[PDB]
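# Breakdown of the fold
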Amino acid sequence: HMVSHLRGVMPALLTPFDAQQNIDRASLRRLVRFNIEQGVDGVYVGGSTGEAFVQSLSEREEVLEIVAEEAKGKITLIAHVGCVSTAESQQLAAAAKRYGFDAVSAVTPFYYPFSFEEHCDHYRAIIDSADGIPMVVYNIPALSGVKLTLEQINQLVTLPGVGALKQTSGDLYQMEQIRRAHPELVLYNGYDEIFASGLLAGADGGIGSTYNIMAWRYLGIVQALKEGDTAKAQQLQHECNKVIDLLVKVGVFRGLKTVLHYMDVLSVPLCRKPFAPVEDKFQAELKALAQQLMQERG
Amino acid sequence: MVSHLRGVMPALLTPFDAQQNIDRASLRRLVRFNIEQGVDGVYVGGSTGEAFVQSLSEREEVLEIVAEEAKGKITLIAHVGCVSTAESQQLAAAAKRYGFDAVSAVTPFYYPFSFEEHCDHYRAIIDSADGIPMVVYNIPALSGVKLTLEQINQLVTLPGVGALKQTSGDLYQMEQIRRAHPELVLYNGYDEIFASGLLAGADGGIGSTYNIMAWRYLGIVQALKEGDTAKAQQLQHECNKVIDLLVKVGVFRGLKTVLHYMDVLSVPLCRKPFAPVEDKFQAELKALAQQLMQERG
Amino acid sequence: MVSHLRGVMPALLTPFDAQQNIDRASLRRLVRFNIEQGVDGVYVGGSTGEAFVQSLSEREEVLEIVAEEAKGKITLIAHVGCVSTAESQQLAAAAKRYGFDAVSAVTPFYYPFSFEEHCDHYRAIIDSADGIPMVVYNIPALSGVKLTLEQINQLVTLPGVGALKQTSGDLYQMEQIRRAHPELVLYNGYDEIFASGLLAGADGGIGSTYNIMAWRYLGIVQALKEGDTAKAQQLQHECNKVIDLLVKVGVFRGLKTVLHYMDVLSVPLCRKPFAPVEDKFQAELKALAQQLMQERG
Amino acid sequence: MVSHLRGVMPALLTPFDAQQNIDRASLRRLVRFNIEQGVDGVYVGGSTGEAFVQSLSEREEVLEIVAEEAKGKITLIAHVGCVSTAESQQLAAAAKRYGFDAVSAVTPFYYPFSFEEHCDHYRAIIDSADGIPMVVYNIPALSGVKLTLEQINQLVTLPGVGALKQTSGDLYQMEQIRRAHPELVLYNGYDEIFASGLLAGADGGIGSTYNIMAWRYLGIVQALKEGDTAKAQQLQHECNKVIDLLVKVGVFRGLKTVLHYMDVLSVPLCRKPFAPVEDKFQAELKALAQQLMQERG
Ligand SMILES: [Cl-]
Ligand SMILES: [Cl-]
Ligand SMILES: [Cl-]
Ligand SMILES: [Cl-]
Ligand SMILES: [Cl-]
Ligand SMILES: [Cl-]
Ligand SMILES: [Cl-]
Ligand SMILES: [Cl-]
Ligand SMILES: [Cl-]
Ligand SMILES: [Cl-]
Ligand SMILES: [Cl-]
Ligand SMILES: [Cl-]
């Protein structure tokens, strides 16, 4: 109850790159202000959506500082500092601390098969480098490849320093089990395509990549469920999933950046290689989506 | 034209006696018990009914008994699915003779069959059903058949198919199916995500835990219709508490034990290789029964 | 003291007729065809035998005929496995009356059964087998039962177990089992890694492809004993050229089609939902039959 | 014209100091130790080398040190693989400057990239390699990239590819790759099936356990060429007893610990979050080191 300021809808911030795949500091600032203007509660910087695992530590630090300049004091700031290496993760956590972030986050170290105790000592070290700001633990069985148990999840979110769990799992039975076991836990829905259902299962918020282009739709699902308007929440989720269908067809990250480009937010919609660029045949649909979303705002 | 198939329908358990033979007397009382709960229908002879440890003659016996007890009072759905298409046809013809409202068949399992072979499998059963609608399966877990949206479209649009039993925890696919087929009858398969399943697109449910607490699931439906999301969450919590226990003791045998302490079933045995419930769990299961009975009224 | 179970033993196909009834005459011809190939035994009523689309009466009949044709001439192994323990026992007692040298039971599948429930399942079947040895299964793929080395030790050391049918491509586990059980009879399940499976610890195999080319697998066994690792490799190449084709056309139905062109089977049909072979593959399958026939003599 | 890339090559470990910085002195001694074992080459900066907890600058430091010690003495292969293509190109250009005989890149992981995106990734590295052959991966396990035979046939025919590191236990695919590409340089990835992997088609190996007992694997290669299948099995048995121990304690840290008790590495630490070896395992790991040292003289 002492870290209640971490609840809400927070876009997983994309990292804009230039024509040579270097950070586009100018576009990054505009994206932070664009999200603030959507009414989001916070911003999740340097995550998987931010293409952190194709950036260097110095680059991820560069992004963390720019976002903190634009957003500190305006919306909640969460820095994803996770690496495979515990020392590299500690470097980013100390940096987030220096920049004034409200919390840090770390994906379960992946690739190599680490024991559960190793995962805990990994979070304990990062939490120490965070030097007093809460940790948002991860439970992503899909991409990371770490299948956990309820009692393991219960041990993670009880570590001294953990103040939230980012639940990137479609298993809403486990979502309900987590909520039932930890009534006060800040619990982010990680899959935008089941946002409405994730909230009903126990989540009290979300962190998603598609929030960068239509965060108001997800804010509206929250409003609808609070109001008892299940039909409105369903219709909103249908629309979000029409978009996600398109983003899956064309590439989620590059598709979102392309929409933000046609929205005149990002100057370059590139992802870093080996992400290929968007195919020409998809450009017409993505531009029309931008016009739809911009007219839908006001 | 098949809106009479929507609703909450328990996946019926098949009661056995001390020697693991069908307990006809307890089977009739179980049907009565579910009818007295307010269910919209009953799903007979499914995986919950231990159909794949019974004979064709035994599954027909259960079908005929349930039809006698329920036909004309609630919707009757007969799971006629086997691996063999011919065996599945035999039970479809029997359900048609017994006056069932619909048939159902699990995707042929164990052997790897092509999608075309699945569709022909259903066509053969739809033919022996002889005018009653078919409920198809999308169960990627136990059966081991991972499908695609376009493949789901071809199944639900087969002439004769009238509903889809969605036994999947992926509520993105649930939504995609509802978006593609607004009028489709869509059963949520996993009771533990029932409330989320409805919100994702399901308009009903077929579950094994309905046998002991159908009113909770019927309550979730009402709560979401009335816009009482808080109430729906509370009910799903209580359902998932029970499911936590049933998973610990054994789902089917735990349900039968609760029904035994409810004085519905005389013998809560499942058929071997299912072991019986451990003695150390009997106290909790009896306490659960007493709780559900007092909660009823 | 059960070393007579080691060797190459074809997994027997179950021939059917035009109306998908059991073809008793083609069955006898197949048993005689395999005995001419020089196999060490026959594995009856298995997954290759399409046991799970047959009735208990049908499987008992196939067991009895194979016994009439082969008893006293080659080793007889009866797969009696069913999901139901009682059903498995009935077939176990039947194989005992028919004089089979051993029985086998796939790990009960579909439903999630504890490892202890698997062991009791095997105990019950071994008791009904009344003194003939049991062959256990470690088939993680089709059955869906992922086991542990220690669990494998408990199974193969059960009173009555005399062999293990290892249907797993994990040849690390194959080596661990041999290292832990130097005298255990150990069959390689996947024919496409037969040579590598033997080198990892297996002392035999049970394969569906042995029905059309057992001599190649018998030659691999001989090549490895002689030290001609080149011959074993080339023999495995040829077996996998064929397995490549069978995977493309359908393994069971493709094997029967070859046997049909060999004049062994009258109808190369499997039972629905298995579809028949596409006409476009008939030329290739016939050309393989002539190659295999000319190859032998 | 890439036959010089065949043979047994240890996946070099990266020694660290008490402060987990690179231990240059122990690295050089490890390269000399492998060279003294009779290996055909060294695989530097791979998964075994803990490349994914190091920095680009650190991996370059290792590549250059090894090239100083080994160039002109054994084949040098630098694993330049990163998720990022640009980062992989930087290390590929550095391997070119240091005179490596070939580069290698694991399939980019974590993010789901299309197969075409994988090829352009490899194409880009081959260009920065500036003329030295590429070794592509087929590792479906850790990386999470399940490929197809035709996709494998496209990767190993890319201009610049000269070998394939087959890190898969599926020895059916191994034989298929060998049959489709008779001349391909093909490394067996899993040490626990090395003998069976060679028999299936592989003509070499890249393994982490080679750092402490390469002569056993070099002996398996000799035993098979000699036709002494019995000896090959015995060697693989002994190798798998070690691997059983290494799995229990942690493969990388266990290998480094054995190398520490061999007075090769001064510090057996892996980088966090890898924990150190537990004290209760030290006695065994020291006994293993003593066994291996007496074994080779
Ligand atoms: Cl993210
Ligand atoms: Cl784990
Ligand atoms: Cl809510
Ligand atoms: Cl704008
Ligand atoms: Cl069911
Ligand atoms: Cl009757
Ligand atoms: Cl006859
Ligand atoms: Cl079989
Ligand atoms: Cl007869
Ligand atoms: Cl004939
Ligand atoms: Cl490696
Ligand atoms: Cl060789």
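We count residues from 1 along each chain, following the written sequence rather than the entry's numbering, and we skip any residue without coordinates. A letter from A marks each chain and a number from 1 marks each ligand, given out in the order of writing. Computation of side-chain values: all heavy atoms of the structure, hydrogens and water removed. Residues with missing side-chain atoms are left out of burial classes, side-chain pairs and their counts.

The name recorded for chain B in the PDB entry is N-acetylneuraminate lyase, from Klebsiella aerogenes KCTC 2190. In its Subunit (unreviewed entry) section, the UniProt entry covering chain B states "Homotetramer." According to the UniProt record, the Subcellular location (unreviewed entry) comment for chain B reads "Cytoplasm". UniProt positions are given in the numbering used here, feature names are shortened, and annotations may be inferred rather than shown by experiment.

The name that the PDB entry assigns to chain A is N-acetylneuraminate lyase, with the source organism given as Klebsiella aerogenes KCTC 2190. Note on chain A: under the UniProt heading Sequence similarities (unreviewed entry), the record states "Belongs to the DapA family. NanA subfamily." Quoted straight from UniProt, the Subunit (unreviewed entry) entry for chain A says "Homotetramer."

The subject of this paragraph is the relation of the copies chain B and chain C. Between copies, superposition is a least-squares fit restricted to the C-alpha atoms. When chain B is brought onto chain C, the operation consists of a screw motion whose angular component is 180° and whose axial shift is 0.1 Å, with 0.2 Å RMSD remaining. Considering both components of the superposition, the chain copies are consistent with a two-fold axis. Across chain B, the rotation axis passes nearest the C-alpha of B:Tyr110, at a separation of 3.9 Å. By the convention used here, residues are in contact when the closest approach between their heavy atoms is within 4.5 Å. Here 96% of the interface residues in chain B have copies in chain C that are interface residues too; the copies meet face to matching face.

Glancing now at the interface of chain A and chain D. Taken together, the contact pairs 28 residues of chain A with 28 residues of chain D. In short, buried area is how much 1.4 Å probe accessible area vanishes from two parts on joining, totalled over both. In this assembly, chain A packs against chain D so that about 2,400 Å² is buried in total across both faces, 65% of it on carbon and sulfur atoms. Interface area lost by chain A to chain D is led by A:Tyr111, A:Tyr112 and A:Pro274, which between them contribute 34%. Between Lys or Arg on one side and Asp or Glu on the other, a salt bridge is scored when a side-chain nitrogen of the former is within 4 Å of a carboxyl oxygen of the latter. Our count for the contact surface shared by chain A and chain D stands at 2 salt bridges. The salt bridge partner of D:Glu117 is A:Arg254, with a shortest N-O separation of 2.9 Å. Pairs of N or O atoms within 3.5 Å make up the polar contacts considered here, provided that, within protein, one atom can donate a hydrogen while the other can accept it, and that residues adjacent in sequence are counted only when both atoms are side-chain atoms. The interface formed by chain A and chain D includes 10 residue pairs in polar contact.

Glancing now at the UniProt feature "binding site: pyruvate" (unreviewed entry) in chain A. All names here are of chain A. Taking the UniProt record as the reference, the feature "binding site: pyruvate" (unreviewed entry) is found at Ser 48, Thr 49, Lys 166 and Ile 207. Despite a sequence span of 160 residues, these residues sit close together in the fold, their greatest C-alpha distance being 13.6 Å. Dropping the residues within four chain positions of it, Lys 166 is found in contact with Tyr 44, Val 136, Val 137, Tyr 138, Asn 139, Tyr 188 and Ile 207. Each helix is a run of H or I in the DSSP string that is no shorter than four residues. Each strand is a run of E no shorter than two, and both are numbered from the N terminus. With respect to the helices and strands, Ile 207 occurs in strand 8 (residues 205–208).

Glancing now at the interface of chain B and chain C. Quite often, the size of an interface is put as the accessible area lost when its parts meet. Taken together, the 27 residues of chain B in the interface contact 27 residues of chain C. Per-residue buried area on chain B facing chain C is highest for B:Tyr110, B:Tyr111 and B:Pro273; these three make up 34% of the total on that side. Across the chain B-chain C interface, the total number found is 2 salt bridges. Across the pair C:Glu117 and B:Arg253 runs a salt bridge, and its minimum N-O distance is 2.9 Å. For the pair chain B and chain C, the interface holds 10 residue pairs in polar contact. Broken down by secondary-structure element, the contributors of at least two residues to the side of chain B that touches chain C are helix 3 (85–97), helix 4 (115–129) and helix 10 (251–261) of chain B. Three categories are distinguished: nonpolar for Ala, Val, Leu, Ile, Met, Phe, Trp, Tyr, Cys and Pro, charged for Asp, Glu, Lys and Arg, and polar for the others, with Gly belonging to the last. Here the residues of the side of chain B that touches chain C sort into 16 nonpolar, 6 polar and 5 charged.

This next bit is on helix 4 (residues 116–130) of chain A. For helix 4 of chain A, which comprises 15 residues, the first-to-last C-alpha distance of 21 Å matches the rise-based estimate of 21 Å (1.5 Å per residue) to within 8%. Only protein chains enter the accessibility calculation, which uses a 1.4 Å probe; a residue is then buried when its area is under 20% of its type maximum, exposed when over 50%, and partly exposed in between. Counting buried residues along helix 4 of chain A, 11 of its 15 residues qualify, which places the element largely inside the surrounding structure. Residues of helix 4 of chain A that are buried include every one of A:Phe116, A:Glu118, A:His119, A:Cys120, A:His122, A:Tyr123, A:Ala125, A:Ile126, A:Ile127, A:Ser129 and A:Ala130, and no others. Buried residues along helix 4 of chain A sit in contact with helix 3 (86–99), strand 4 (103–105), strand 5 (135–139), helix 5 (150–156) and strand 6 (162–167) of chain A together with helix 10 (251–261) of chain D. Each helix should span, by expectation, one fewer than its residue count multiplied by 1.5 Å.

Listed under "binding site: aceneuramate" (unreviewed entry) in the UniProt record, and renumbered for this structure, are B:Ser47, B:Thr48, B:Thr167, B:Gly189, B:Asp191, B:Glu192 and B:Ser208. With near-sequence residues (within four places) excluded, B:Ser47 lies in contact with B:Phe52, B:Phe252, C:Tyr110 and C:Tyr111. Mapping B:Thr48 onto the fold places it in the loop between strand 2 (41–44) and helix 2 (56–70). Dropping the residues within four chain positions of it, B:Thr48 is found in contact with B:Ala11, B:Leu12, B:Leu13, B:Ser208 and B:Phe252.

What follows covers the UniProt feature "active site" (unreviewed entry) in chain B. Residue and element names in this part refer to chain B. On the UniProt side, "active site" (unreviewed entry) is annotated at positions that read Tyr 137 and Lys 165 here. The greatest C-alpha distance among the residues just named is 5.1 Å, despite their covering 29 residues of sequence, which places them together in space. A residue is classified by how much of its surface remains accessible, and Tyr 137, at 3% relative accessible area, is buried. If we ignore the near neighbours within four places in the chain, the residues touching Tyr 137 are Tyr 43, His 79, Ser 104, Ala 105, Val 106, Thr 107, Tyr 122, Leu 147, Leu 155, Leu 164, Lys 165 and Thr 167. By relative accessible area, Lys 165 is classed as buried at 9%. Setting aside residues up to four positions removed in sequence, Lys 165 forms contacts with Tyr 43, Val 135, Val 136, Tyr 137, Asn 138, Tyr 187 and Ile 206.

Right, let's get into unusual backbone geometry. Cis peptide bonds are those with omega within 30 degrees of zero, and the linkage from A:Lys273 to A:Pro274 qualifies with 10°. Among the secondary structure elements, A:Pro274 is positioned in the loop between helix 10 (252–262) and helix 11 (283–297). Of note, the amide linkage connecting B:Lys272 to B:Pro273 takes the cis form, showing an omega dihedral of 10°. Relative to the helices and strands, B:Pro273 resides in the loop between helix 10 and helix 11 (282–296).

Further remarks concern the UniProt feature "binding site: aceneuramate" (unreviewed entry) in chain A. The UniProt record marks A:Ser48, A:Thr49, A:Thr168, A:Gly190, A:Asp192, A:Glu193 and A:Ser209 with the feature "binding site: aceneuramate" (unreviewed entry), using the residue numbering of this structure. Along the chain, the position of A:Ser48 falls in the loop between strand 2 (42–45) and helix 2 (57–71). In this view, A:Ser48 contacts A:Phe53, A:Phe253, D:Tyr110 and D:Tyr111; residues no more than four positions away in its chain are not counted. Owing to a relative accessible area of 12%, A:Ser209 belongs among the buried residues under this scheme. Contacts of A:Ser209, omitting those with residues within four sequence positions, involve A:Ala12, A:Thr49, A:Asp192, A:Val252 and A:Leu256.

This brings us to the sheet that holds strand 1 (residues 9–11) of chain A. Residue and element names in this part refer to chain A. Any two strands are treated as partners once DSSP identifies two or more bridges connecting them. Pairing is parallel in the open sheet, where 8 strands are placed in the order 1-8-7-6-5-4-3-2. The open sheet terminates on both sides in strands that have one partner only, identified here as strand 1 and strand 2. When strand polarity is set aside, the average angle formed by the axes of neighbouring strands in this sheet is 25°. As paired strands, strand 1 and strand 8 are joined by 3 bridges and run parallel to one another. Residue pairing for strand 8: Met 10 is matched across the bridge by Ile 207. Axis angles are defined between N-to-C directions and span 0 to 180 degrees, where every axis is a line fitted to C-alpha atoms and, for a helix, only to the segment in contact. The strands that helix 2 touches are strand 2 and strand 3 (76–80); relative to strand 3, the one it contacts most, it runs at about 175°.

Going residue by residue along strand 2 (residues 41–44) of chain C, you find C:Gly41 and C:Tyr43 tucked away on one face and C:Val42 and C:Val44 tucked away on the opposite face as well. Seen with its strands pointing away from the viewer, a crossover is right-handed if its path from the first strand over the helix to the second goes clockwise. At this point the chain moves from strand 2 of chain C, through helix 2 (residues 56–70) of chain C, to the parallel strand 3 (residues 75–79) of chain C, and the crossover so formed is right-handed.

A side chain with one charge can pair with a side chain of the opposite charge if their charged atoms come near. If you walk through the whole model with that rule in mind, you get 67 salt bridges over all chains. The shortest N-O distance in the salt bridge between B:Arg271 and B:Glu58 comes to 2.9 Å. You can see B:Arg271 sitting in the loop between helix 10 and helix 11 and its partner B:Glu58 sitting in helix 2, a full 213 residues away along the chain. What makes B:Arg271 buried here is its relative accessible area of 7%. Here the residues in one salt-bridge network are A:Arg29, A:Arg33, A:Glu69 and A:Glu70, joined through shared partners.

Let us look at the packing of aromatic side chains. Here a pair means two rings of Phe, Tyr or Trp (six-membered ring of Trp) with centres within 6.5 Å. Their orientation is stacked below 30 degrees between planes, edge-to-face above 60, and tilted elsewhere. Counting across every chain of the model gives 54 aromatic pairs over all chains. For the pair C:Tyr210 and C:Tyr217, a centre-to-centre distance of 4.5 Å together with 50° between the ring planes defines the contact as tilted. Taken together, the aromatic side chains of A:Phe53, A:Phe110, A:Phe253, A:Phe275, D:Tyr110, D:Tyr111 and D:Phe113 make up a single cluster linked through ring pairs. Two thresholds decide whether a charge sits over a ring: the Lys NZ or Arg CZ must be within 6 Å of the ring centre and within 35 degrees of the ring normal. Positioned above the aromatic ring of A:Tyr44 is the side chain of A:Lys166, whose terminal nitrogen or guanidinium carbon lies 4.1 Å from the ring centre.

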